[PDB]
Structures are given as structure tokens and as C-alpha cells.
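**Q** Just one file: start.cif, with mmCIF, N, CA and C atoms and all ligand atoms.
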```cif
data_model
loop_
_atom_site.label_atom_id
_atom_site.label_comp_id
_atom_site.auth_asym_id
_atom_site.auth_seq_id
_atom_site.Cartn_x
_atom_site.Cartn_y
_atom_site.Cartn_z
N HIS A 307 22.14 86.97 -101.82
CA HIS A 307 22.54 85.98 -102.89
C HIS A 307 21.42 85.89 -103.94
N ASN A 308 21.74 85.76 -105.23
CA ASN A 308 20.72 85.54 -106.29
C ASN A 308 20.15 84.13 -106.11
N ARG A 309 18.82 84.02 -105.96
CA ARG A 309 18.09 82.75 -105.69
C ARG A 309 17.35 82.30 -106.96
N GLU A 310 17.41 83.10 -108.02
CA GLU A 310 16.70 82.81 -109.27
C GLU A 310 17.60 81.86 -110.06
N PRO A 311 17.03 81.04 -110.95
CA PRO A 311 17.84 80.16 -111.78
C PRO A 311 18.86 80.99 -112.56
N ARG A 312 20.05 80.44 -112.74
CA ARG A 312 21.21 81.12 -113.38
C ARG A 312 21.70 80.21 -114.50
N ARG A 313 22.05 80.77 -115.65
CA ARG A 313 22.62 80.00 -116.78
C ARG A 313 24.13 80.15 -116.71
N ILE A 314 24.84 79.07 -116.49
CA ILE A 314 26.31 79.10 -116.26
C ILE A 314 26.96 78.29 -117.36
N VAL A 315 28.02 78.80 -117.96
CA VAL A 315 28.70 78.00 -118.99
C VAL A 315 30.11 77.73 -118.50
N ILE A 316 30.44 76.46 -118.35
CA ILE A 316 31.80 76.03 -117.93
C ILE A 316 32.48 75.45 -119.15
N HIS A 317 33.67 75.98 -119.43
CA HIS A 317 34.62 75.43 -120.41
C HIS A 317 35.62 74.56 -119.67
N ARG A 318 35.76 73.33 -120.09
CA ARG A 318 36.79 72.46 -119.50
C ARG A 318 37.59 71.85 -120.66
N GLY A 319 38.81 71.40 -120.38
CA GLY A 319 39.52 70.50 -121.29
C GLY A 319 39.06 69.07 -121.05
N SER A 320 40.00 68.14 -120.94
CA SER A 320 39.74 66.68 -120.93
C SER A 320 39.79 66.23 -119.47
N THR A 321 39.15 66.98 -118.56
CA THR A 321 39.18 66.67 -117.10
C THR A 321 37.73 66.61 -116.62
N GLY A 322 37.54 66.37 -115.33
CA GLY A 322 36.21 66.49 -114.71
C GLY A 322 35.87 67.96 -114.57
N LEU A 323 34.64 68.22 -114.17
CA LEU A 323 34.18 69.60 -113.87
C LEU A 323 34.70 70.06 -112.51
N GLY A 324 35.12 69.14 -111.61
CA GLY A 324 35.67 69.46 -110.29
C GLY A 324 34.58 69.90 -109.33
N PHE A 325 33.47 69.18 -109.26
CA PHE A 325 32.54 69.34 -108.12
C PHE A 325 31.89 68.01 -107.82
N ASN A 326 31.27 67.93 -106.65
CA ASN A 326 30.58 66.72 -106.17
C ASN A 326 29.08 66.99 -106.15
N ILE A 327 28.29 65.95 -106.41
CA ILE A 327 26.81 66.03 -106.27
C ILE A 327 26.34 65.04 -105.20
N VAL A 328 25.26 65.45 -104.54
CA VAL A 328 24.42 64.59 -103.68
C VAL A 328 22.97 64.71 -104.18
N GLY A 329 22.11 63.78 -103.78
CA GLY A 329 20.66 63.85 -104.03
C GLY A 329 20.23 62.76 -104.99
N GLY A 330 18.98 62.81 -105.44
CA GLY A 330 18.45 61.86 -106.42
C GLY A 330 17.21 61.15 -105.92
N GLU A 331 16.87 61.28 -104.64
CA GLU A 331 15.54 60.86 -104.12
C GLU A 331 14.41 61.63 -104.81
N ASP A 332 13.25 61.01 -104.97
CA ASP A 332 12.07 61.73 -105.50
C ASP A 332 11.84 63.02 -104.69
N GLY A 333 11.64 64.14 -105.39
CA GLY A 333 11.31 65.46 -104.82
C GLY A 333 12.54 66.13 -104.23
N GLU A 334 13.72 65.50 -104.32
CA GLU A 334 14.92 65.99 -103.59
C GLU A 334 15.73 66.90 -104.53
N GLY A 335 15.99 66.43 -105.73
CA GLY A 335 16.86 67.07 -106.72
C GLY A 335 18.34 66.74 -106.48
N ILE A 336 19.18 67.41 -107.24
CA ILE A 336 20.65 67.14 -107.36
C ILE A 336 21.35 68.43 -106.93
N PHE A 337 22.17 68.36 -105.88
CA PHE A 337 22.85 69.52 -105.29
C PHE A 337 24.36 69.38 -105.37
N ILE A 338 25.03 70.50 -105.50
CA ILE A 338 26.51 70.61 -105.31
C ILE A 338 26.88 70.55 -103.83
N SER A 339 27.62 69.52 -103.45
CA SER A 339 28.06 69.28 -102.06
C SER A 339 29.47 69.82 -101.84
N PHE A 340 30.23 70.04 -102.90
CA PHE A 340 31.65 70.38 -102.77
C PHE A 340 32.15 70.92 -104.11
N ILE A 341 33.01 71.92 -104.05
CA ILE A 341 33.72 72.49 -105.22
C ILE A 341 35.21 72.29 -105.00
N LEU A 342 35.87 71.56 -105.88
CA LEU A 342 37.32 71.33 -105.81
C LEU A 342 38.10 72.61 -106.16
N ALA A 343 38.95 73.10 -105.26
CA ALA A 343 39.77 74.30 -105.55
C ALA A 343 40.69 73.98 -106.74
N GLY A 344 40.69 74.87 -107.74
CA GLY A 344 41.52 74.80 -108.96
C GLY A 344 40.89 73.97 -110.07
N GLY A 345 39.72 73.35 -109.85
CA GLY A 345 38.97 72.67 -110.91
C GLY A 345 38.22 73.65 -111.80
N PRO A 346 37.68 73.20 -112.96
CA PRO A 346 36.97 74.11 -113.87
C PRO A 346 35.78 74.83 -113.22
N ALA A 347 34.96 74.12 -112.44
CA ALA A 347 33.82 74.77 -111.76
C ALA A 347 34.32 75.88 -110.82
N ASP A 348 35.34 75.61 -110.04
CA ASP A 348 35.91 76.62 -109.12
C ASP A 348 36.44 77.82 -109.92
N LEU A 349 37.23 77.56 -110.96
CA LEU A 349 37.91 78.66 -111.69
C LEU A 349 36.86 79.56 -112.29
N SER A 350 35.72 78.99 -112.68
CA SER A 350 34.65 79.80 -113.29
C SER A 350 34.10 80.77 -112.25
N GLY A 351 34.11 80.41 -110.97
CA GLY A 351 33.58 81.24 -109.87
C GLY A 351 32.06 81.34 -109.88
N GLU A 352 31.31 80.59 -110.69
CA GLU A 352 29.85 80.84 -110.79
C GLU A 352 29.04 79.82 -109.98
N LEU A 353 29.55 78.63 -109.74
CA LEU A 353 28.77 77.58 -109.02
C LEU A 353 29.16 77.59 -107.55
N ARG A 354 28.25 77.18 -106.68
CA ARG A 354 28.54 77.13 -105.23
C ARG A 354 27.95 75.86 -104.64
N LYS A 355 28.53 75.44 -103.52
CA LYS A 355 27.95 74.43 -102.63
C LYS A 355 26.55 74.91 -102.22
N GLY A 356 25.53 74.07 -102.42
CA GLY A 356 24.13 74.39 -102.10
C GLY A 356 23.35 74.82 -103.33
N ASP A 357 24.01 74.91 -104.48
CA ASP A 357 23.33 75.07 -105.78
C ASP A 357 22.62 73.77 -106.13
N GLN A 358 21.34 73.85 -106.51
CA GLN A 358 20.66 72.73 -107.19
C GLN A 358 21.00 72.81 -108.67
N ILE A 359 21.30 71.68 -109.26
CA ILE A 359 21.53 71.59 -110.73
C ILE A 359 20.18 71.28 -111.38
N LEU A 360 19.61 72.26 -112.09
CA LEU A 360 18.29 72.08 -112.73
C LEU A 360 18.45 71.40 -114.09
N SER A 361 19.52 71.71 -114.81
CA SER A 361 19.70 71.24 -116.19
C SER A 361 21.19 71.21 -116.51
N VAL A 362 21.60 70.25 -117.34
CA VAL A 362 22.95 70.27 -117.95
C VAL A 362 22.79 69.95 -119.43
N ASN A 363 23.34 70.81 -120.29
CA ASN A 363 23.24 70.65 -121.76
C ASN A 363 21.81 70.26 -122.15
N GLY A 364 20.82 70.93 -121.57
CA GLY A 364 19.40 70.80 -121.97
C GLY A 364 18.77 69.51 -121.51
N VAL A 365 19.39 68.82 -120.55
CA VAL A 365 18.81 67.62 -119.90
C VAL A 365 18.36 68.04 -118.50
N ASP A 366 17.07 67.91 -118.26
CA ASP A 366 16.40 68.34 -117.03
C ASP A 366 16.79 67.39 -115.89
N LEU A 367 17.42 67.88 -114.83
CA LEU A 367 17.85 66.98 -113.72
C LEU A 367 17.06 67.28 -112.45
N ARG A 368 15.98 68.05 -112.56
CA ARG A 368 15.32 68.55 -111.32
C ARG A 368 14.83 67.39 -110.47
N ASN A 369 14.36 66.30 -111.08
CA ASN A 369 13.95 65.08 -110.33
C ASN A 369 14.74 63.85 -110.83
N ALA A 370 15.98 64.04 -111.30
CA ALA A 370 16.85 62.94 -111.75
C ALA A 370 17.25 62.09 -110.54
N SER A 371 17.43 60.80 -110.79
CA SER A 371 18.14 59.87 -109.86
C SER A 371 19.61 60.33 -109.77
N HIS A 372 20.31 59.94 -108.70
CA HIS A 372 21.76 60.22 -108.55
C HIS A 372 22.52 59.72 -109.78
N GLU A 373 22.28 58.48 -110.21
CA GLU A 373 23.03 57.88 -111.36
C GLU A 373 22.73 58.62 -112.67
N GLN A 374 21.47 58.99 -112.89
CA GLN A 374 21.10 59.76 -114.11
C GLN A 374 21.91 61.05 -114.15
N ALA A 375 21.92 61.78 -113.04
CA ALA A 375 22.64 63.06 -112.91
C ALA A 375 24.14 62.88 -113.16
N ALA A 376 24.76 61.91 -112.49
CA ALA A 376 26.20 61.62 -112.62
C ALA A 376 26.56 61.36 -114.08
N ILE A 377 25.76 60.57 -114.77
CA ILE A 377 26.07 60.20 -116.18
C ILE A 377 25.90 61.43 -117.10
N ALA A 378 24.82 62.21 -116.92
CA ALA A 378 24.55 63.42 -117.73
C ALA A 378 25.71 64.41 -117.57
N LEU A 379 26.17 64.63 -116.33
CA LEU A 379 27.24 65.61 -116.05
C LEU A 379 28.57 65.11 -116.62
N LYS A 380 28.90 63.85 -116.41
CA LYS A 380 30.19 63.26 -116.87
C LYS A 380 30.26 63.28 -118.40
N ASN A 381 29.15 63.08 -119.08
CA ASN A 381 29.12 62.96 -120.56
C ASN A 381 28.73 64.31 -121.21
N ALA A 382 28.86 65.45 -120.52
CA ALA A 382 28.40 66.77 -121.05
C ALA A 382 29.42 67.43 -122.00
N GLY A 383 30.57 66.84 -122.27
CA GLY A 383 31.52 67.45 -123.25
C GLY A 383 32.26 68.64 -122.68
N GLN A 384 32.86 69.46 -123.54
CA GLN A 384 33.86 70.48 -123.10
C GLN A 384 33.20 71.86 -122.89
N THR A 385 32.02 72.09 -123.46
CA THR A 385 31.27 73.33 -123.19
C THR A 385 29.99 72.91 -122.47
N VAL A 386 29.93 73.18 -121.17
CA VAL A 386 28.84 72.66 -120.30
C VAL A 386 27.96 73.83 -119.93
N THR A 387 26.70 73.81 -120.36
CA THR A 387 25.70 74.82 -120.02
C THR A 387 24.79 74.26 -118.93
N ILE A 388 24.90 74.84 -117.74
CA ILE A 388 24.19 74.41 -116.52
C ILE A 388 23.19 75.50 -116.18
N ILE A 389 21.97 75.09 -115.85
CA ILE A 389 21.01 75.96 -115.12
C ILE A 389 21.12 75.54 -113.66
N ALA A 390 21.52 76.48 -112.79
CA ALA A 390 21.70 76.20 -111.35
C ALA A 390 20.78 77.15 -110.58
N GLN A 391 20.40 76.75 -109.38
CA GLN A 391 19.59 77.63 -108.50
C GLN A 391 20.05 77.43 -107.07
N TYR A 392 20.54 78.51 -106.45
CA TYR A 392 21.10 78.51 -105.08
C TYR A 392 19.98 78.31 -104.05
N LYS A 393 19.99 77.16 -103.37
CA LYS A 393 18.93 76.77 -102.41
C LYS A 393 19.57 76.21 -101.14
N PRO A 394 20.29 77.06 -100.39
CA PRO A 394 21.01 76.60 -99.20
C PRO A 394 20.12 76.00 -98.09
N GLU A 395 18.87 76.44 -97.98
CA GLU A 395 17.89 75.94 -96.98
C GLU A 395 17.57 74.50 -97.31
N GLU A 396 17.33 74.22 -98.60
CA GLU A 396 17.11 72.83 -99.09
C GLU A 396 18.40 72.02 -98.93
N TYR A 397 19.55 72.60 -99.25
CA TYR A 397 20.86 71.93 -99.11
C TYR A 397 21.09 71.50 -97.64
N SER A 398 20.68 72.30 -96.65
CA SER A 398 21.00 72.00 -95.24
C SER A 398 20.32 70.69 -94.81
N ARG A 399 19.29 70.24 -95.53
CA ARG A 399 18.65 68.92 -95.32
C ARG A 399 19.64 67.76 -95.51
N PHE A 400 20.62 67.88 -96.42
CA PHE A 400 21.68 66.86 -96.59
C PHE A 400 22.60 66.85 -95.37
N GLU A 401 23.04 68.01 -94.93
CA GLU A 401 23.83 68.18 -93.67
C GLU A 401 23.05 67.60 -92.47
N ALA A 402 21.73 67.81 -92.40
CA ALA A 402 20.82 67.27 -91.35
C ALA A 402 20.76 65.74 -91.38
N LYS A 403 20.93 65.10 -92.54
CA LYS A 403 20.99 63.62 -92.62
C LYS A 403 22.16 63.10 -91.78
N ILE A 404 23.33 63.71 -91.92
CA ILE A 404 24.51 63.26 -91.14
C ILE A 404 24.33 63.70 -89.68
N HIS A 405 23.95 64.95 -89.44
CA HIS A 405 23.77 65.47 -88.05
C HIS A 405 22.77 64.59 -87.29
N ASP A 406 21.56 64.43 -87.83
CA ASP A 406 20.46 63.64 -87.22
C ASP A 406 20.99 62.24 -86.85
N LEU A 407 21.82 61.65 -87.71
CA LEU A 407 22.33 60.25 -87.56
C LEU A 407 23.33 60.19 -86.39
N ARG A 408 24.35 61.07 -86.37
CA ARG A 408 25.39 61.17 -85.29
C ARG A 408 24.72 61.48 -83.94
N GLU A 409 23.61 62.22 -83.95
CA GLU A 409 22.77 62.52 -82.75
C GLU A 409 21.99 61.26 -82.34
N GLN A 410 21.14 60.71 -83.24
CA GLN A 410 20.30 59.49 -83.00
C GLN A 410 21.18 58.32 -82.51
N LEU A 411 22.51 58.39 -82.72
CA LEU A 411 23.53 57.44 -82.20
C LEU A 411 23.76 57.71 -80.71
N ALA A 434 29.43 59.23 -90.46
CA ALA A 434 28.40 58.88 -91.46
C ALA A 434 28.61 59.70 -92.75
N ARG A 435 28.56 59.08 -93.94
CA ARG A 435 28.83 59.85 -95.19
C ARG A 435 27.59 59.87 -96.08
N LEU A 436 27.40 60.97 -96.81
CA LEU A 436 26.37 61.04 -97.87
C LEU A 436 26.80 60.23 -99.11
N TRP A 437 25.83 59.67 -99.83
CA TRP A 437 26.05 59.08 -101.17
C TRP A 437 26.38 60.23 -102.14
N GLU A 438 27.62 60.27 -102.65
CA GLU A 438 28.22 61.47 -103.29
C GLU A 438 29.08 61.00 -104.46
N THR A 439 29.01 61.71 -105.60
CA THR A 439 29.79 61.40 -106.82
C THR A 439 30.57 62.65 -107.21
N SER A 440 31.84 62.47 -107.55
CA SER A 440 32.74 63.53 -108.07
C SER A 440 32.58 63.60 -109.59
N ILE A 441 32.36 64.80 -110.11
CA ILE A 441 32.03 65.07 -111.54
C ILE A 441 33.22 65.87 -112.10
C1 LIG A 501 29.38 54.97 -105.67
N1 LIG A 501 29.48 56.45 -105.42
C2 LIG A 501 28.15 57.07 -105.31
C3 LIG A 501 30.16 56.70 -104.17
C4 LIG A 501 30.27 57.13 -106.46
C5 LIG A 501 29.75 57.00 -107.91
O1 LIG A 501 28.36 57.40 -108.25
CL CL A 502 19.75 78.02 -122.26
#
```
Render the structure in this file as C-alpha cells.
Ligand SMILES: C[N+](C)(C)CCO
Ligand SMILES: [Cl-]

**A**
Amino acid sequence: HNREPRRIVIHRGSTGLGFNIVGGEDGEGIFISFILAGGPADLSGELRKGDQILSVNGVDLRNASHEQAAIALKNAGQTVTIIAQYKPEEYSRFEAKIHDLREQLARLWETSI
């Protein structure tokens, strides 16, 4: 898999981008948790679950809060230029939050874009 940052351009009409984000803790970043089948992100075929979102329309999200990221993505207009970087090892830390909890005995804080 390409692990280097990738410049992705999504064209959408008047809908969401059709993916979910998790993250926003300091040092954590903003990750794709889910891609909706038939949404603009899916149809493009370029984004994946476990991608970190580094930038949207020239707004740096590498250390954004969850709310900052959600608002930047929702308000990005119809031509969305994303810098993404595939980091599945870092992504598995979100899966470990739910796993660790069900073991130490649950949903992630997640927004649909
Ligand atoms: C409150 N949620 C995080 C679940 C969705 C909106 O950001
Ligand atoms: Cl660019």
C-alpha cells in the first residue's frame, strides 16, 4: 500500500462526502473510520478506512480537534482537495480502545461527513 501522503480530489454535489471520522486528541490526528458504499468518497475509490486526513482545502487537520475537523470537512464545498496518508497501524489504536474496554469489562466518538 502507498504510505506517503496522497493528494485526492473529491467532486460531490449537494450531499455529504460519505465517510466517518474519529480522533481529535492531542498527537492523535483525524482518521477515516468508515466509507459509505455509493457515497462520493467511495465512488472516487481513493480514500480508505485507516487514512489520516492531513489537510482539507488547505486547512491543516494533523492535530485538529474532532469538532474542528468535522466543521472543516462539512464546509469544504463541492471540489474537496484532501491530503490523506494511509496509517493502518495508528488506526488500529482506535479499534484497541473498544477491544481494551470490552476486555477490561462500546462506541467511538464518530462524525459522518
Ligand atoms: C456527536 N457526534 C460526535 C456523535 C456526532 C457529531 O460530531
Ligand atoms: Cl495541493

**Q** Could you please extract the residues within 8 Å of ligand LIG 501 (chain A), counting only N, CA and C atoms and all ligand atoms, and hand them back as an NGL selection string?

**A** :A and (372-373 or 376-377 or 436-440)

**Q** At a cut-off of 8 Å, can you tabulate as a Markdown table every residue of chain A near ligand CL 502 (chain A) together with its closest atom pair and the distance in Å to one decimal, using all atoms listed in the file and ordering rows by chain then number?

**A**
```
| residue | atom | partner | partner_atom | distance |
| --- | --- | --- | --- | --- |
| A:313 | CA | A:CL502 | CL | 6.5 |
| A:314 | N | A:CL502 | CL | 7.8 |
| A:364 | N | A:CL502 | CL | 7.2 |
| A:387 | C | A:CL502 | CL | 7.1 |
| A:388 | C | A:CL502 | CL | 7.4 |
| A:389 | N | A:CL502 | CL | 7.4 |
```

**Q** Which one of A:396, A:409, A:332, A:348 sits closest to residue 370 (chain A) if you count only N, CA and C atoms?

**A**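 Checking each of A:396, A:409, A:332, A:348 against residue 370 (chain A), counting only N, CA and C atoms, the winner is A:332.
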
**Q** Fewer than 2 positions away in the same chain doesn't count, so skip those; otherwise give me all residues within 8 Å of residue 345 (chain A), counting only N, CA and C atoms, as a PDB file with N, CA and C atoms, in the coordinates of the input.

**A**
```
ATOM      1  N   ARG A 318      35.760  73.330-120.090  1.00  0.00           N
ATOM      2  CA  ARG A 318      36.790  72.460-119.500  1.00  0.00           C
ATOM      3  C   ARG A 318      37.590  71.850-120.660  1.00  0.00           C
ATOM      4  N   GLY A 322      37.540  66.370-115.330  1.00  0.00           N
ATOM      5  CA  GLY A 322      36.210  66.490-114.710  1.00  0.00           C
ATOM      6  C   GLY A 322      35.870  67.960-114.570  1.00  0.00           C
ATOM      7  N   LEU A 323      34.640  68.220-114.170  1.00  0.00           N
ATOM      8  CA  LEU A 323      34.180  69.600-113.870  1.00  0.00           C
ATOM      9  C   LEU A 323      34.700  70.060-112.510  1.00  0.00           C
ATOM     10  N   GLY A 324      35.120  69.140-111.610  1.00  0.00           N
ATOM     11  CA  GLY A 324      35.670  69.460-110.290  1.00  0.00           C
ATOM     12  C   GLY A 324      34.580  69.900-109.330  1.00  0.00           C
ATOM     13  N   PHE A 325      33.470  69.180-109.260  1.00  0.00           N
ATOM     14  CA  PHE A 325      32.540  69.340-108.120  1.00  0.00           C
ATOM     15  C   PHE A 325      31.890  68.010-107.820  1.00  0.00           C
ATOM     16  N   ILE A 341      33.010  71.920-104.050  1.00  0.00           N
ATOM     17  CA  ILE A 341      33.720  72.490-105.220  1.00  0.00           C
ATOM     18  C   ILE A 341      35.210  72.290-105.000  1.00  0.00           C
ATOM     19  N   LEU A 342      35.870  71.560-105.880  1.00  0.00           N
ATOM     20  CA  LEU A 342      37.320  71.330-105.810  1.00  0.00           C
ATOM     21  C   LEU A 342      38.100  72.610-106.160  1.00  0.00           C
ATOM     22  N   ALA A 343      38.950  73.100-105.260  1.00  0.00           N
ATOM     23  CA  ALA A 343      39.770  74.300-105.550  1.00  0.00           C
ATOM     24  C   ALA A 343      40.690  73.980-106.740  1.00  0.00           C
ATOM     25  N   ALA A 347      34.960  74.120-112.440  1.00  0.00           N
ATOM     26  CA  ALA A 347      33.820  74.770-111.760  1.00  0.00           C
ATOM     27  C   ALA A 347      34.320  75.880-110.820  1.00  0.00           C
ATOM     28  N   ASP A 348      35.340  75.610-110.040  1.00  0.00           N
ATOM     29  CA  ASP A 348      35.910  76.620-109.120  1.00  0.00           C
ATOM     30  C   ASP A 348      36.440  77.820-109.920  1.00  0.00           C
ATOM     31  N   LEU A 349      37.230  77.560-110.960  1.00  0.00           N
ATOM     32  CA  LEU A 349      37.910  78.660-111.690  1.00  0.00           C
ATOM     33  C   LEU A 349      36.860  79.560-112.290  1.00  0.00           C
ATOM     34  N   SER A 350      35.720  78.990-112.680  1.00  0.00           N
ATOM     35  CA  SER A 350      34.650  79.800-113.290  1.00  0.00           C
ATOM     36  C   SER A 350      34.100  80.770-112.250  1.00  0.00           C
ATOM     37  N   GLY A 351      34.110  80.410-110.970  1.00  0.00           N
ATOM     38  CA  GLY A 351      33.580  81.240-109.870  1.00  0.00           C
ATOM     39  C   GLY A 351      32.060  81.340-109.880  1.00  0.00           C
TER      40      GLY A 351
END
```

**Q** I'd like the neighbourhood of residue 330 (chain A) as a list in words, where a residue qualifies if any of its atoms comes within 8 Å (using only N, CA and C atoms), though same-chain residues fewer than 6 positions away should be ignored.

**A** residues 336, 337, 368, 369, 370, 371, 372, 373, 374 and 375 of chain A

**Q** My list of candidates is A:321, A:391, A:361, A:381. Which is closest to residue 309 (chain A) when distances are computed with only C-alpha atoms?

**A**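 Using only C-alpha atoms, the shortest distance to residue 309 (chain A) belongs to A:391.
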
**Q** Given only N, CA and C atoms as the basis, pick out the residue of A:402, A:441, A:379, A:434 nearest to residue 326 (chain A).

**A**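 Result for the nearest residue to residue 326 (chain A): A:441.
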
**Q** Mind checking which residues fall within 5 Å of residue 356 (chain A), counting only N, CA and C atoms, ignoring those fewer than 5 positions away in the same chain, and posting them as a list in words?

**A** residues 338, 392, 393 and 394 of chain A

**Q** Go ahead and compute the interatomic distance for CA of residue 386 (chain A) and CA of residue 359 (chain A), in Å to one decimal.

**A**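 These atoms are spaced 12.1 Å apart.
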
**Q** Could you give me, as a ChimeraX atom specification, each residue of chain A that DSSP assigns to strand (DSSP E) when run on this structure's backbone?

**A** /A:312-317,325-329,336-341,357-362,365-366,385-392,439-440

**Q** Which residues in region 326-436 of chain A does DSSP call alpha helix (DSSP H)? List them as number ranges by chain.

**A** A: 346-350, 372-380, 394-410

**Q** Okay, now the selection with N, CA and C atoms, as an mmCIF file, in the coordinates of the input?

**A**
```cif
data_model
loop_
_atom_site.group_PDB
_atom_site.id
_atom_site.type_symbol
_atom_site.label_atom_id
_atom_site.label_comp_id
_atom_site.auth_asym_id
_atom_site.auth_seq_id
_atom_site.Cartn_x
_atom_site.Cartn_y
_atom_site.Cartn_z
ATOM 1 N N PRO A 346 37.680 73.200 -112.960
ATOM 2 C CA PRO A 346 36.970 74.110 -113.870
ATOM 3 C C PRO A 346 35.780 74.830 -113.220
ATOM 4 N N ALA A 347 34.960 74.120 -112.440
ATOM 5 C CA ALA A 347 33.820 74.770 -111.760
ATOM 6 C C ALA A 347 34.320 75.880 -110.820
ATOM 7 N N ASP A 348 35.340 75.610 -110.040
ATOM 8 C CA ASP A 348 35.910 76.620 -109.120
ATOM 9 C C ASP A 348 36.440 77.820 -109.920
ATOM 10 N N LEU A 349 37.230 77.560 -110.960
ATOM 11 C CA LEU A 349 37.910 78.660 -111.690
ATOM 12 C C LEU A 349 36.860 79.560 -112.290
ATOM 13 N N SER A 350 35.720 78.990 -112.680
ATOM 14 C CA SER A 350 34.650 79.800 -113.290
ATOM 15 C C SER A 350 34.100 80.770 -112.250
ATOM 16 N N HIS A 372 20.310 59.940 -108.700
ATOM 17 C CA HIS A 372 21.760 60.220 -108.550
ATOM 18 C C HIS A 372 22.520 59.720 -109.780
ATOM 19 N N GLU A 373 22.280 58.480 -110.210
ATOM 20 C CA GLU A 373 23.030 57.880 -111.360
ATOM 21 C C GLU A 373 22.730 58.620 -112.670
ATOM 22 N N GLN A 374 21.470 58.990 -112.890
ATOM 23 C CA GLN A 374 21.100 59.760 -114.110
ATOM 24 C C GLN A 374 21.910 61.050 -114.150
ATOM 25 N N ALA A 375 21.920 61.780 -113.040
ATOM 26 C CA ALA A 375 22.640 63.060 -112.910
ATOM 27 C C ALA A 375 24.140 62.880 -113.160
ATOM 28 N N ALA A 376 24.760 61.910 -112.490
ATOM 29 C CA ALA A 376 26.200 61.620 -112.620
ATOM 30 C C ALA A 376 26.560 61.360 -114.080
ATOM 31 N N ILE A 377 25.760 60.570 -114.770
ATOM 32 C CA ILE A 377 26.070 60.200 -116.180
ATOM 33 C C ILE A 377 25.900 61.430 -117.100
ATOM 34 N N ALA A 378 24.820 62.210 -116.920
ATOM 35 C CA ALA A 378 24.550 63.420 -117.730
ATOM 36 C C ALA A 378 25.710 64.410 -117.570
ATOM 37 N N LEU A 379 26.170 64.630 -116.330
ATOM 38 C CA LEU A 379 27.240 65.610 -116.050
ATOM 39 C C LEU A 379 28.570 65.110 -116.620
ATOM 40 N N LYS A 380 28.900 63.850 -116.410
ATOM 41 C CA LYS A 380 30.190 63.260 -116.870
ATOM 42 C C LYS A 380 30.260 63.280 -118.400
ATOM 43 N N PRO A 394 20.290 77.060 -100.390
ATOM 44 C CA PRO A 394 21.010 76.600 -99.200
ATOM 45 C C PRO A 394 20.120 76.000 -98.090
ATOM 46 N N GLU A 395 18.870 76.440 -97.980
ATOM 47 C CA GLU A 395 17.890 75.940 -96.980
ATOM 48 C C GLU A 395 17.570 74.500 -97.310
ATOM 49 N N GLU A 396 17.330 74.220 -98.600
ATOM 50 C CA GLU A 396 17.110 72.830 -99.090
ATOM 51 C C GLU A 396 18.400 72.020 -98.930
ATOM 52 N N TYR A 397 19.550 72.600 -99.250
ATOM 53 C CA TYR A 397 20.860 71.930 -99.110
ATOM 54 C C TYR A 397 21.090 71.500 -97.640
ATOM 55 N N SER A 398 20.680 72.300 -96.650
ATOM 56 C CA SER A 398 21.000 72.000 -95.240
ATOM 57 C C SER A 398 20.320 70.690 -94.810
ATOM 58 N N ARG A 399 19.290 70.240 -95.530
ATOM 59 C CA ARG A 399 18.650 68.920 -95.320
ATOM 60 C C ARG A 399 19.640 67.760 -95.510
ATOM 61 N N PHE A 400 20.620 67.880 -96.420
ATOM 62 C CA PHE A 400 21.680 66.860 -96.590
ATOM 63 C C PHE A 400 22.600 66.850 -95.370
ATOM 64 N N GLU A 401 23.040 68.010 -94.930
ATOM 65 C CA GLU A 401 23.830 68.180 -93.670
ATOM 66 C C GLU A 401 23.050 67.600 -92.470
ATOM 67 N N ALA A 402 21.730 67.810 -92.400
ATOM 68 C CA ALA A 402 20.820 67.270 -91.350
ATOM 69 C C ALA A 402 20.760 65.740 -91.380
ATOM 70 N N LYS A 403 20.930 65.100 -92.540
ATOM 71 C CA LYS A 403 20.990 63.620 -92.620
ATOM 72 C C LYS A 403 22.160 63.100 -91.780
ATOM 73 N N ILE A 404 23.330 63.710 -91.920
ATOM 74 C CA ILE A 404 24.510 63.260 -91.140
ATOM 75 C C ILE A 404 24.330 63.700 -89.680
ATOM 76 N N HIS A 405 23.950 64.950 -89.440
ATOM 77 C CA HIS A 405 23.770 65.470 -88.050
ATOM 78 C C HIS A 405 22.770 64.590 -87.290
ATOM 79 N N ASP A 406 21.560 64.430 -87.830
ATOM 80 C CA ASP A 406 20.460 63.640 -87.220
ATOM 81 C C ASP A 406 20.990 62.240 -86.850
ATOM 82 N N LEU A 407 21.820 61.650 -87.710
ATOM 83 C CA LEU A 407 22.330 60.250 -87.560
ATOM 84 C C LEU A 407 23.330 60.190 -86.390
ATOM 85 N N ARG A 408 24.350 61.070 -86.370
ATOM 86 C CA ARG A 408 25.390 61.170 -85.290
ATOM 87 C C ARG A 408 24.720 61.480 -83.940
ATOM 88 N N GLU A 409 23.610 62.220 -83.950
ATOM 89 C CA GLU A 409 22.770 62.520 -82.750
ATOM 90 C C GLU A 409 21.990 61.260 -82.340
ATOM 91 N N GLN A 410 21.140 60.710 -83.240
ATOM 92 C CA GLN A 410 20.300 59.490 -83.000
ATOM 93 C C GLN A 410 21.180 58.320 -82.510
#
```

**Q** Got a moment to write region 381-386 of chain A out with N, CA, C and O atoms, as a JSON list (two decimals), in the first residue's frame?

**A**
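Generated file (decode.json):
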```json
[["chain", "number", "residue", "atom", "x", "y", "z"],
["A", 381, "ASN", "N", -17.84, 21.93, 5.59],
["A", 381, "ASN", "CA", -17.91, 23.25, 4.91],
["A", 381, "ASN", "C", -16.91, 23.32, 3.75],
["A", 381, "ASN", "O", -16.71, 24.42, 3.23],
["A", 382, "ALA", "N", -16.41, 22.20, 3.21],
["A", 382, "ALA", "CA", -15.35, 22.20, 2.16],
["A", 382, "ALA", "C", -15.90, 22.44, 0.74],
["A", 382, "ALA", "O", -15.09, 22.39, -0.22],
["A", 383, "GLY", "N", -17.20, 22.60, 0.54],
["A", 383, "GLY", "CA", -17.72, 22.89, -0.82],
["A", 383, "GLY", "C", -17.73, 21.67, -1.72],
["A", 383, "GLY", "O", -17.62, 20.52, -1.21],
["A", 384, "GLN", "N", -17.84, 21.87, -3.04],
["A", 384, "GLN", "CA", -18.16, 20.76, -3.99],
["A", 384, "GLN", "C", -16.88, 20.18, -4.61],
["A", 384, "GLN", "O", -16.93, 19.06, -5.18],
["A", 385, "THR", "N", -15.76, 20.89, -4.57],
["A", 385, "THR", "CA", -14.48, 20.34, -5.02],
["A", 385, "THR", "C", -13.58, 20.28, -3.79],
["A", 385, "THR", "O", -13.10, 21.33, -3.35],
["A", 386, "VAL", "N", -13.36, 19.07, -3.28],
["A", 386, "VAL", "CA", -12.67, 18.87, -1.98],
["A", 386, "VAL", "C", -11.30, 18.28, -2.27],
["A", 386, "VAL", "O", -11.23, 17.18, -2.83]]
```
